[PDB]
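K.L.:
My file is protein-v2.pdb. It has PDB, C-alpha atoms and all ligand atoms:
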```pdb
ATOM      1  CA  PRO K  33       0.000   0.000   0.000
ATOM      2  CA  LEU K  34       2.048   2.935  -1.311
ATOM      3  CA  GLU K  35      -0.863   5.271  -2.087
ATOM      4  CA  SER K  36      -1.715   5.254   1.644
ATOM      5  CA  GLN K  37       1.826   5.269   3.078
ATOM      6  CA  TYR K  38       3.103   8.354   1.202
ATOM      7  CA  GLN K  39       1.759  11.818   0.406
ATOM      8  CA  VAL K  40       2.697  12.673  -3.183
ATOM      9  CA  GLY K  41       3.827  16.184  -4.059
ATOM     10  CA  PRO K  42       4.885  17.833  -7.320
ATOM     11  CA  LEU K  43       7.184  16.569 -10.045
ATOM     12  CA  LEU K  44      10.934  16.835  -9.502
ATOM     13  CA  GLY K  45      11.836  15.822 -13.064
ATOM     14  CA  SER K  46      11.552  13.132 -15.706
ATOM     15  CA  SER K  51       9.136  10.598 -13.522
ATOM     16  CA  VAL K  52      10.251  11.609 -10.032
ATOM     17  CA  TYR K  53       7.870  13.307  -7.604
ATOM     18  CA  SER K  54       8.504  15.028  -4.316
ATOM     19  CA  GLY K  55       6.829  13.264  -1.437
ATOM     20  CA  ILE K  56       6.452  12.802   2.293
ATOM     21  CA  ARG K  57       6.219   9.575   4.293
ATOM     22  CA  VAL K  58       2.942   9.783   6.217
ATOM     23  CA  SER K  59       4.377   7.574   8.971
ATOM     24  CA  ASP K  60       6.799  10.285  10.130
ATOM     25  CA  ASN K  61       6.719  13.225   7.657
ATOM     26  CA  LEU K  62      10.071  12.173   6.196
ATOM     27  CA  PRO K  63      10.770  13.947   2.877
ATOM     28  CA  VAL K  64      11.173  11.445   0.041
ATOM     29  CA  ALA K  65      11.494  11.346  -3.723
ATOM     30  CA  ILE K  66       9.104   8.979  -5.504
ATOM     31  CA  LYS K  67      10.443   7.563  -8.775
ATOM     32  CA  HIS K  68       8.180   5.734 -11.231
ATOM     33  CA  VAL K  69       9.566   3.436 -13.931
ATOM     34  CA  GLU K  70       7.457   1.734 -16.603
ATOM     35  CA  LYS K  71       8.065  -1.998 -16.928
ATOM     36  CA  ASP K  72       7.918  -1.680 -20.721
ATOM     37  CA  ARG K  73      10.932   0.664 -20.688
ATOM     38  CA  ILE K  74      13.130  -1.480 -18.411
ATOM     39  CA  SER K  75      15.840  -3.152 -20.495
ATOM     40  CA  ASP K  76      17.962  -4.532 -17.625
ATOM     41  CA  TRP K  77      16.433  -6.949 -15.109
ATOM     42  CA  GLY K  78      17.929  -8.508 -11.996
ATOM     43  CA  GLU K  79      17.034 -10.801  -9.123
ATOM     44  CA  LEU K  80      16.925  -9.935  -5.436
ATOM     45  CA  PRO K  81      18.290 -12.229  -2.722
ATOM     46  CA  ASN K  82      14.664 -13.363  -2.357
ATOM     47  CA  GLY K  83      14.619 -14.357  -6.038
ATOM     48  CA  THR K  84      12.102 -11.619  -6.854
ATOM     49  CA  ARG K  85      12.597 -10.272 -10.381
ATOM     50  CA  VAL K  86      13.182  -6.508 -10.210
ATOM     51  CA  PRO K  87      14.763  -3.896 -12.477
ATOM     52  CA  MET K  88      18.537  -3.808 -12.191
ATOM     53  CA  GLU K  89      18.263  -0.273 -10.795
ATOM     54  CA  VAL K  90      16.563  -1.711  -7.702
ATOM     55  CA  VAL K  91      19.278  -4.370  -7.322
ATOM     56  CA  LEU K  92      22.045  -1.769  -7.534
ATOM     57  CA  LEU K  93      20.374   0.736  -5.216
ATOM     58  CA  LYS K  94      19.812  -1.905  -2.550
ATOM     59  CA  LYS K  95      23.490  -2.876  -2.722
ATOM     60  CA  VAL K  96      24.681   0.712  -2.126
ATOM     61  CA  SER K  97      21.949   1.864   0.290
ATOM     62  CA  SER K  98      23.228   0.168   3.477
ATOM     63  CA  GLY K  99      24.780   2.580   5.961
ATOM     64  CA  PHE K 100      25.691   6.205   5.374
ATOM     65  CA  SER K 101      27.293   7.246   2.092
ATOM     66  CA  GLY K 102      27.307   9.876  -0.623
ATOM     67  CA  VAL K 103      24.491   8.133  -2.506
ATOM     68  CA  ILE K 104      20.791   8.949  -2.463
ATOM     69  CA  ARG K 105      19.532   5.848  -0.676
ATOM     70  CA  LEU K 106      16.597   3.626  -1.581
ATOM     71  CA  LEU K 107      14.168   3.439   1.342
ATOM     72  CA  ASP K 108      11.535   1.148  -0.186
ATOM     73  CA  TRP K 109      10.049   0.028  -3.478
ATOM     74  CA  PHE K 110       6.720  -1.255  -4.761
ATOM     75  CA  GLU K 111       5.597  -3.218  -7.803
ATOM     76  CA  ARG K 112       2.518  -2.097  -9.725
ATOM     77  CA  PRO K 113       0.891  -3.804 -12.727
ATOM     78  CA  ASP K 114       2.793  -1.753 -15.331
ATOM     79  CA  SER K 115       5.502  -0.027 -13.279
ATOM     80  CA  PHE K 116       7.875  -0.047 -10.337
ATOM     81  CA  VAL K 117       7.895   2.715  -7.724
ATOM     82  CA  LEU K 118      11.097   3.594  -5.864
ATOM     83  CA  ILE K 119      11.117   5.540  -2.588
ATOM     84  CA  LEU K 120      14.328   7.552  -2.303
ATOM     85  CA  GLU K 121      15.859   9.966   0.171
ATOM     86  CA  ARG K 122      15.126  13.635  -0.499
ATOM     87  CA  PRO K 123      17.509  15.983   1.307
ATOM     88  CA  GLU K 124      16.634  19.661   1.342
ATOM     89  CA  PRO K 125      17.608  22.231   0.305
ATOM     90  CA  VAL K 126      19.398  20.733  -2.717
ATOM     91  CA  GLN K 127      20.692  21.832  -6.096
ATOM     92  CA  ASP K 128      22.171  19.506  -8.661
ATOM     93  CA  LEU K 129      25.757  20.169  -9.644
ATOM     94  CA  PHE K 130      24.862  20.983 -13.250
ATOM     95  CA  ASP K 131      22.643  23.907 -12.209
ATOM     96  CA  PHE K 132      25.187  24.925  -9.563
ATOM     97  CA  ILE K 133      27.993  25.217 -12.127
ATOM     98  CA  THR K 134      25.678  26.951 -14.610
ATOM     99  CA  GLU K 135      24.743  29.605 -12.057
ATOM    100  CA  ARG K 136      28.195  30.091 -10.524
ATOM    101  CA  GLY K 137      30.555  29.398 -13.433
ATOM    102  CA  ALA K 138      33.939  27.749 -13.024
ATOM    103  CA  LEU K 139      34.416  26.705  -9.403
ATOM    104  CA  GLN K 140      37.320  27.778  -7.222
ATOM    105  CA  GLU K 141      39.801  24.923  -6.977
ATOM    106  CA  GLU K 142      39.299  24.610  -3.203
ATOM    107  CA  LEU K 143      35.584  24.017  -3.841
ATOM    108  CA  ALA K 144      36.171  21.728  -6.828
ATOM    109  CA  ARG K 145      38.605  19.755  -4.658
ATOM    110  CA  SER K 146      36.008  19.235  -1.928
ATOM    111  CA  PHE K 147      33.303  18.264  -4.424
ATOM    112  CA  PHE K 148      35.592  15.974  -6.428
ATOM    113  CA  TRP K 149      36.838  14.280  -3.261
ATOM    114  CA  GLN K 150      33.292  13.519  -2.115
ATOM    115  CA  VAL K 151      32.385  12.110  -5.534
ATOM    116  CA  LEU K 152      35.452   9.872  -5.434
ATOM    117  CA  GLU K 153      34.455   8.582  -1.997
ATOM    118  CA  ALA K 154      30.907   7.946  -3.249
ATOM    119  CA  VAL K 155      32.153   6.106  -6.341
ATOM    120  CA  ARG K 156      34.550   4.034  -4.215
ATOM    121  CA  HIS K 157      31.554   3.136  -2.057
ATOM    122  CA  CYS K 158      29.598   1.941  -5.093
ATOM    123  CA  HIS K 159      32.536  -0.129  -6.308
ATOM    124  CA  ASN K 160      33.068  -1.583  -2.817
ATOM    125  CA  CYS K 161      29.402  -2.644  -2.917
ATOM    126  CA  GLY K 162      29.836  -4.281  -6.338
ATOM    127  CA  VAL K 163      28.044  -1.538  -8.291
ATOM    128  CA  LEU K 164      29.192   0.401 -11.371
ATOM    129  CA  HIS K 165      27.258   3.639 -11.873
ATOM    130  CA  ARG K 166      28.165   4.219 -15.572
ATOM    131  CA  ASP K 167      26.630   7.725 -15.690
ATOM    132  CA  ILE K 168      28.781   9.928 -13.452
ATOM    133  CA  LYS K 169      28.143  13.547 -14.488
ATOM    134  CA  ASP K 170      27.213  16.848 -12.881
ATOM    135  CA  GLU K 171      23.523  16.272 -13.691
ATOM    136  CA  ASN K 172      23.609  13.137 -11.511
ATOM    137  CA  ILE K 173      25.156  14.793  -8.427
ATOM    138  CA  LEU K 174      23.067  16.611  -5.811
ATOM    139  CA  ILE K 175      24.543  19.192  -3.422
ATOM    140  CA  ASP K 176      23.101  19.395   0.089
ATOM    141  CA  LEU K 177      23.558  23.143   0.405
ATOM    142  CA  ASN K 178      23.216  23.215   4.204
ATOM    143  CA  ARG K 179      25.502  20.254   4.956
ATOM    144  CA  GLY K 180      28.011  20.586   2.106
ATOM    145  CA  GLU K 181      27.484  16.929   1.167
ATOM    146  CA  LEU K 182      27.237  15.577  -2.382
ATOM    147  CA  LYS K 183      24.932  12.666  -3.278
ATOM    148  CA  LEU K 184      24.951  10.432  -6.371
ATOM    149  CA  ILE K 185      21.661   9.828  -8.191
ATOM    150  CA  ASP K 186      20.244   7.881 -11.144
ATOM    151  CA  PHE K 187      21.547   4.304 -11.221
ATOM    152  CA  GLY K 188      19.307   3.587 -14.238
ATOM    153  CA  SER K 189      22.344   3.071 -16.493
ATOM    154  CA  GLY K 190      24.395   1.126 -13.959
ATOM    155  CA  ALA K 191      25.548  -2.466 -13.813
ATOM    156  CA  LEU K 192      27.039  -4.982 -11.452
ATOM    157  CA  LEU K 193      30.774  -4.344 -11.305
ATOM    158  CA  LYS K 194      32.891  -6.973 -13.072
ATOM    159  CA  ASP K 195      36.518  -7.294 -14.153
ATOM    160  CA  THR K 196      35.713  -8.428 -17.705
ATOM    161  CA  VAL K 197      34.884  -6.239 -20.696
ATOM    162  CA  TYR K 198      31.621  -4.320 -21.061
ATOM    163  CA  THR K 199      30.115  -4.192 -24.559
ATOM    164  CA  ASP K 200      26.871  -2.326 -23.759
ATOM    165  CA  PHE K 201      26.471   1.272 -22.590
ATOM    166  CA  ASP K 202      23.502   3.610 -22.103
ATOM    167  CA  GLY K 203      25.074   6.455 -20.109
ATOM    168  CA  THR K 204      25.942   9.942 -21.322
ATOM    169  CA  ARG K 205      28.017   9.825 -24.500
ATOM    170  CA  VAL K 206      29.976  13.042 -23.847
ATOM    171  CA  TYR K 207      31.228  11.476 -20.599
ATOM    172  CA  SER K 208      32.005   8.114 -22.244
ATOM    173  CA  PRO K 209      35.588   7.077 -22.966
ATOM    174  CA  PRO K 210      37.324   6.832 -26.349
ATOM    175  CA  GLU K 211      37.550   3.031 -26.225
ATOM    176  CA  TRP K 212      33.739   3.040 -26.172
ATOM    177  CA  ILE K 213      33.464   5.573 -29.010
ATOM    178  CA  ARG K 214      36.001   3.632 -31.091
ATOM    179  CA  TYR K 215      35.460  -0.051 -30.296
ATOM    180  CA  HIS K 216      32.220  -0.301 -28.264
ATOM    181  CA  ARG K 217      34.248  -1.877 -25.444
ATOM    182  CA  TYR K 218      35.404  -0.680 -22.034
ATOM    183  CA  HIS K 219      36.315  -1.887 -18.566
ATOM    184  CA  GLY K 220      34.398  -0.549 -15.595
ATOM    185  CA  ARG K 221      36.962   1.190 -13.418
ATOM    186  CA  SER K 222      38.994   2.836 -16.187
ATOM    187  CA  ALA K 223      35.797   4.067 -17.846
ATOM    188  CA  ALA K 224      34.681   5.547 -14.519
ATOM    189  CA  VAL K 225      38.017   7.364 -14.182
ATOM    190  CA  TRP K 226      37.563   8.902 -17.639
ATOM    191  CA  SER K 227      34.125  10.258 -16.704
ATOM    192  CA  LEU K 228      35.661  11.624 -13.496
ATOM    193  CA  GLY K 229      38.248  13.531 -15.526
ATOM    194  CA  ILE K 230      35.431  14.975 -17.636
ATOM    195  CA  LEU K 231      33.671  15.946 -14.403
ATOM    196  CA  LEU K 232      36.740  17.595 -12.870
ATOM    197  CA  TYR K 233      37.335  19.671 -16.008
ATOM    198  CA  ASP K 234      33.636  20.602 -15.907
ATOM    199  CA  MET K 235      34.014  21.883 -12.336
ATOM    200  CA  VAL K 236      37.171  23.975 -12.796
ATOM    201  CA  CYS K 237      36.370  25.262 -16.312
ATOM    202  CA  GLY K 238      32.581  25.705 -16.144
ATOM    203  CA  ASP K 239      31.664  23.194 -18.858
ATOM    204  CA  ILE K 240      32.739  19.779 -20.149
ATOM    205  CA  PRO K 241      35.735  19.667 -22.540
ATOM    206  CA  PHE K 242      34.310  17.508 -25.350
ATOM    207  CA  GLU K 243      31.038  17.657 -27.277
ATOM    208  CA  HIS K 244      31.823  15.593 -30.406
ATOM    209  CA  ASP K 245      33.198  12.095 -30.933
ATOM    210  CA  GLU K 246      36.297  13.438 -32.691
ATOM    211  CA  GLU K 247      37.197  15.499 -29.614
ATOM    212  CA  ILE K 248      36.715  12.518 -27.283
ATOM    213  CA  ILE K 249      39.102  10.325 -29.267
ATOM    214  CA  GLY K 250      41.434  13.188 -30.230
ATOM    215  CA  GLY K 251      43.256  13.278 -26.902
ATOM    216  CA  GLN K 252      43.808  17.042 -26.591
ATOM    217  CA  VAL K 253      42.580  18.976 -23.552
ATOM    218  CA  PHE K 254      42.382  22.745 -24.006
ATOM    219  CA  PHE K 255      41.870  24.724 -20.796
ATOM    220  CA  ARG K 256      39.430  27.617 -21.255
ATOM    221  CA  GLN K 257      39.928  28.839 -17.674
ATOM    222  CA  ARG K 258      42.941  29.472 -15.464
ATOM    223  CA  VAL K 259      43.665  26.119 -13.804
ATOM    224  CA  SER K 260      46.697  25.239 -11.706
ATOM    225  CA  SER K 261      49.343  23.028 -13.276
ATOM    226  CA  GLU K 262      48.702  20.355 -10.637
ATOM    227  CA  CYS K 263      44.979  20.232 -11.453
ATOM    228  CA  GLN K 264      45.662  20.176 -15.213
ATOM    229  CA  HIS K 265      47.973  17.203 -14.689
ATOM    230  CA  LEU K 266      45.335  15.219 -12.792
ATOM    231  CA  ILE K 267      42.693  15.961 -15.434
ATOM    232  CA  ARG K 268      44.972  14.982 -18.311
ATOM    233  CA  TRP K 269      45.942  11.792 -16.469
ATOM    234  CA  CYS K 270      42.297  10.793 -15.975
ATOM    235  CA  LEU K 271      41.725  11.565 -19.669
ATOM    236  CA  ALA K 272      44.570   9.385 -20.945
ATOM    237  CA  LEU K 273      43.511   7.843 -24.256
ATOM    238  CA  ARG K 274      44.862   4.413 -23.277
ATOM    239  CA  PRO K 275      42.740   3.011 -20.398
ATOM    240  CA  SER K 276      45.740   1.368 -18.726
ATOM    241  CA  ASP K 277      47.467   4.785 -18.572
ATOM    242  CA  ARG K 278      44.703   6.291 -16.409
ATOM    243  CA  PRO K 279      45.135   6.503 -12.627
ATOM    244  CA  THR K 280      43.460   4.233 -10.139
ATOM    245  CA  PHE K 281      41.166   5.777  -7.544
ATOM    246  CA  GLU K 282      44.029   5.444  -5.051
ATOM    247  CA  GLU K 283      46.354   7.398  -7.349
ATOM    248  CA  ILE K 284      43.714  10.106  -7.836
ATOM    249  CA  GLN K 285      43.181  10.605  -4.106
ATOM    250  CA  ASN K 286      46.951  10.530  -3.483
ATOM    251  CA  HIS K 287      47.512  13.111  -6.217
ATOM    252  CA  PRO K 288      49.117  16.355  -4.935
ATOM    253  CA  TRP K 289      46.149  18.456  -6.096
ATOM    254  CA  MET K 290      43.794  16.412  -3.886
ATOM    255  CA  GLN K 291      45.543  17.047  -0.560
ATOM    256  CA  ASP K 292      44.160  19.130   2.331
ATOM    257  CA  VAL K 293      40.505  18.749   1.342
ATOM    258  CA  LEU K 294      37.874  20.750   3.203
ATOM    259  CA  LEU K 295      35.402  18.972   5.442
ATOM    260  CA  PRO K 296      31.769  19.029   4.243
ATOM    261  CA  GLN K 297      30.717  21.507   6.947
ATOM    262  CA  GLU K 298      33.660  23.788   6.132
ATOM    263  CA  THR K 299      32.692  23.581   2.448
ATOM    264  CA  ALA K 300      29.112  24.623   3.242
ATOM    265  CA  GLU K 301      30.108  27.535   5.478
ATOM    266  CA  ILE K 302      32.830  28.891   3.179
ATOM    267  CA  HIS K 303      31.220  28.345  -0.228
ATOM    268  CA  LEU K 304      27.508  27.484   0.089
ATOM    269  CA  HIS K 305      25.936  29.354   3.035
TER     270      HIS K 305
ATOM    271  CA  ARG Q   2      29.159  29.793 -25.050
ATOM    272  CA  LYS Q   3      26.207  27.399 -24.961
ATOM    273  CA  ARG Q   4      26.155  24.982 -22.023
ATOM    274  CA  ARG Q   5      23.607  22.178 -22.181
ATOM    275  CA  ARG Q   6      22.486  19.004 -20.473
ATOM    276  CA  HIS Q   7      23.049  15.709 -22.292
ATOM    277  CA  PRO Q   8      20.432  12.935 -22.008
ATOM    278  CA  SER Q   9      21.526   9.394 -21.239
TER     279      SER Q   9
HETATM  280  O1  LIG D 401      17.158  10.402  -7.445
HETATM  281  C1  LIG D 401      16.760  11.154  -8.332
HETATM  282  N1  LIG D 401      16.310  12.411  -8.100
HETATM  283  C2  LIG D 401      16.231  13.061  -6.841
HETATM  284  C3  LIG D 401      16.162  12.357  -5.659
HETATM  285  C4  LIG D 401      16.073  13.022  -4.448
HETATM  286  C5  LIG D 401      16.043  14.383  -4.389
HETATM  287  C6  LIG D 401      16.110  15.151  -5.574
HETATM  288  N2  LIG D 401      16.088  16.518  -5.465
HETATM  289  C7  LIG D 401      16.167  17.216  -6.589
HETATM  290  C8  LIG D 401      16.272  16.655  -7.859
HETATM  291  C9  LIG D 401      16.293  15.299  -7.977
HETATM  292  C10 LIG D 401      16.210  14.493  -6.823
HETATM  293  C11 LIG D 401      16.742  10.713  -9.761
HETATM  294  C12 LIG D 401      16.766  11.623 -10.808
HETATM  295  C13 LIG D 401      16.775  11.167 -12.112
HETATM  296  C14 LIG D 401      16.760   9.808 -12.332
HETATM  297  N3  LIG D 401      16.732   8.905 -11.347
HETATM  298  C15 LIG D 401      16.721   9.365 -10.090
END
```
Since I need it in another form, could you write the structure as C-alpha cells?

P.N.:
Amino acid sequence: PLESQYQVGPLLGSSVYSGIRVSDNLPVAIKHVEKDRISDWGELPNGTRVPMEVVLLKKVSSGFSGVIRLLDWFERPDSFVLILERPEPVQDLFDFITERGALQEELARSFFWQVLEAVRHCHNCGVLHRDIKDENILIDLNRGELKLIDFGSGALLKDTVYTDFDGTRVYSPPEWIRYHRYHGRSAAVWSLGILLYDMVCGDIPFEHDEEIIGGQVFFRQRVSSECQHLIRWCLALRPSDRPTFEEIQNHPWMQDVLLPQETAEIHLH
Amino acid sequence: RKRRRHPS
C-alpha cells in the first residue's frame, strides 16, 4: 500500500515526484519506472525479479554514504515505484555550475573528493554507476554533502569487458566511441576527468566524438598546473594509462581537502 | 558559449 503510506507532491523531473512519508513526515522522492521501458532486469536475494536499478540501489543503500539511498520500493501492474531519500535544500551540480561558473579549486577539490568517496563506495558494494556527471550529483547546500543519483544506467561491477552502454556519451571514454568496449573502473576514471574539467572550467571539454578520441585537452579557464595534470591523467587515451582511484586521491592536487561543513560555510551558506 | 544538459 504505497498510495496510503506516502503523500505525493509535485514533479521533480523526468518521472520523479517530491513526497512525504505519512508515517513520520520524512521527505522522500518517488520515482516511477514503466516496466515496458526497463531493459535490464535482476534478481533480489529473495529471487524476486526486479529492475537492475533496484538491485544496484539496494546494494549501495546500506549505511551512510554519498548516494541517495533507496528506502523502499513497490511493484505495480505496469511499473515499479522507488522511494528515495530527499535531502533539502538541494541543487544539482549541473545547475550549480551553470549559475556560478567555473568553481574555485578549493571548492572543486572538496566536491571531487566527495564524488570519489561515493564512487569508491559503489565499487566496494559491487556496483558500477556508468553515468557519473554533474547532472547526476546533488549538493546538500546546508551540509556541504554531495549525493549520487540515477543508477538507471548502472551495472554490477565486473573485471571483464563491457560491450553495452547507455550512459551519457559526452562522458564516455574513447575506447567506447572507437570499439564499443570498455572496462568498468577505467571508464569511470575517464568520466571523473570529464567531471573535474567541468568543475574547474565551467563546462565539459568535449562535445563531439572526434574530440573525445582526439586526446587534446584545451583549458578555457585558469587552472593550476597540478589540477591540469590530474585531469589529463584521468583523460589518458589508453585506459591502462589512467590513474586508479588510489592514485587520484593521493595526487598532490587532492591534498588538504575541506570537510563538508567547512565547504558549506565557506562556499555554500 | 552554450552549455547544455546531455540525455543518457
Ligand atoms: O534520485 C533522483 N532524483 C532526486 C532524488 C532526491 C532528491 C532530488 N532533489 C532534486 C532533484 C532530484 C532528486 C533521480 C533523478 C533522475 C533519475 N533517477 C533518479

K.L.:
I'd like to see the residues matched by the PyMOL selection byres (((chain K and resi 139) around 9) and not hetatm) on this file, and ideally I'd get them as a list in words.

P.N.:
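Those residues are residues 133, 136, 137, 138, 140, 141, 142, 143, 144, 234, 235, 236, 237 and 238 of chain K.
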
K.L.:
Tell me, counting all atoms listed in the file, for each residue of chain Q within 8 Å of chain K, which pair of atoms is nearest and how far apart they are in Å to one decimal, in rows ordered by chain and increasing number, as a Markdown table.

P.N.:
```
| residue | atom | partner | partner_atom | distance |
| --- | --- | --- | --- | --- |
| Q:4 | CA | K:239 | CA | 6.6 |
| Q:6 | CA | K:171 | CA | 7.4 |
| Q:7 | CA | K:204 | CA | 6.5 |
| Q:8 | CA | K:204 | CA | 6.3 |
| Q:9 | CA | K:204 | CA | 4.5 |
```

K.L.:
Please provide as a list in words all residues within 12 Å of residue 245 of chain K, with the sequence filter that same-chain residues fewer than 6 positions apart are discarded (counting all atoms listed in the file).

P.N.:
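Using all atoms listed in the file, the neighbours found are residues 205, 206, 207, 208, 209, 210, 211, 212, 213, 214 and 251 of chain K.
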
K.L.:
Take atom CA of residue 294 of chain K and atom CA of residue 148 of chain K and report the distance between them in Å, one decimal.

P.N.:
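Separation between atom CA of residue 294 of chain K and atom CA of residue 148 of chain K: 11.0 Å.
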
K.L.:
Quote the spacing between atom CA of residue 182 of chain K and atom CA of residue 116 of chain K in Å to one decimal place.

P.N.:
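Between atom CA of residue 182 of chain K and atom CA of residue 116 of chain K the gap works out to 26.1 Å.
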
K.L.:
What are the closest atom pairs, with distances in Å to one decimal, for all residues of chain K lying within 10 Å of ligand LIG 401 (chain D)? Consider only C-alpha atoms and all ligand atoms, order rows by chain and residue number, and present the result as CSV.

P.N.:
```
residue,atom,partner,partner_atom,distance
K:43,CA,D:LIG401,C8,9.3
K:44,CA,D:LIG401,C8,5.6
K:45,CA,D:LIG401,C9,6.8
K:46,CA,D:LIG401,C13,6.6
K:51,CA,D:LIG401,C14,7.8
K:52,CA,D:LIG401,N1,6.4
K:53,CA,D:LIG401,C2,8.4
K:54,CA,D:LIG401,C5,7.6
K:55,CA,D:LIG401,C4,9.7
K:63,CA,D:LIG401,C5,9.0
K:64,CA,D:LIG401,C4,6.8
K:65,CA,D:LIG401,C4,4.9
K:66,CA,D:LIG401,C3,7.8
K:67,CA,D:LIG401,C15,6.7
K:68,CA,D:LIG401,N3,9.1
K:69,CA,D:LIG401,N3,9.4
K:89,CA,D:LIG401,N3,9.3
K:103,CA,D:LIG401,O1,9.1
K:104,CA,D:LIG401,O1,6.3
K:105,CA,D:LIG401,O1,8.5
K:106,CA,D:LIG401,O1,9.0
K:118,CA,D:LIG401,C15,9.1
K:119,CA,D:LIG401,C3,9.0
K:120,CA,D:LIG401,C4,6.1
K:121,CA,D:LIG401,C4,5.5
K:122,CA,D:LIG401,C5,4.1
K:123,CA,D:LIG401,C5,6.1
K:124,CA,D:LIG401,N2,7.5
K:125,CA,D:LIG401,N2,8.3
K:126,CA,D:LIG401,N2,6.0
K:127,CA,D:LIG401,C7,6.5
K:128,CA,D:LIG401,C8,6.6
K:171,CA,D:LIG401,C13,8.6
K:172,CA,D:LIG401,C12,7.0
K:173,CA,D:LIG401,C9,8.9
K:174,CA,D:LIG401,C7,7.0
K:175,CA,D:LIG401,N2,9.1
K:176,CA,D:LIG401,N2,9.4
K:183,CA,D:LIG401,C4,8.9
K:184,CA,D:LIG401,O1,7.9
K:185,CA,D:LIG401,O1,4.6
K:186,CA,D:LIG401,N3,3.7
K:187,CA,D:LIG401,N3,6.7
K:188,CA,D:LIG401,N3,6.6
K:189,CA,D:LIG401,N3,9.6
```

K.L.:
Quick one: which residues end up in the PyMOL selection byres (((chain K and resi 87) around 9) and not hetatm) for this structure, as a list in words?

P.N.:
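What the PyMOL selection byres (((chain K and resi 87) around 9) and not hetatm) grabs from the file is residues 71, 74, 75, 76, 77, 78, 79, 85, 86, 88, 89, 90, 91, 116 and 188 of chain K.
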
K.L.:
List the spatial neighbours of segment 157-163 of chain K as a ChimeraX atom specification - criterion: any atom at most 9 Å away, all atoms listed in the file, same-chain residues fewer than 3 positions off excluded.

P.N.:
/K:92-93,95-96,101-103,152-154,190-194,221

K.L.:
In Å, with one decimal, what is the gap from atom CA of residue 280 of chain K to atom CA of residue 99 of chain K?

P.N.:
24.7 Å

K.L.:
Hey, which of K:304, K:117, K:230, K:290 ends up closest to residue 268 of chain K? Count all atoms listed in the file.

P.N.:
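With all atoms listed in the file as the atom set, the closest residue is K:230.
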
K.L.:
Quick check on the file I pasted: which residues fall under the PyMOL selection byres (((chain K and resi 39) around 10) and not hetatm)? Write them as a PyMOL selection string.

P.N.:
chain K and resi 34-38+40-41+54-59+61+63-64+66

K.L.:
Which residues are near residue 271 of chain K? Cut-off 8 Å, all atoms listed in the file, ignore same chain within fewer than 4 positions. Put them as a list in words.

P.N.:
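What passes the distance filter is residues 225, 226, 229, 230, 251, 267 and 278 of chain K.
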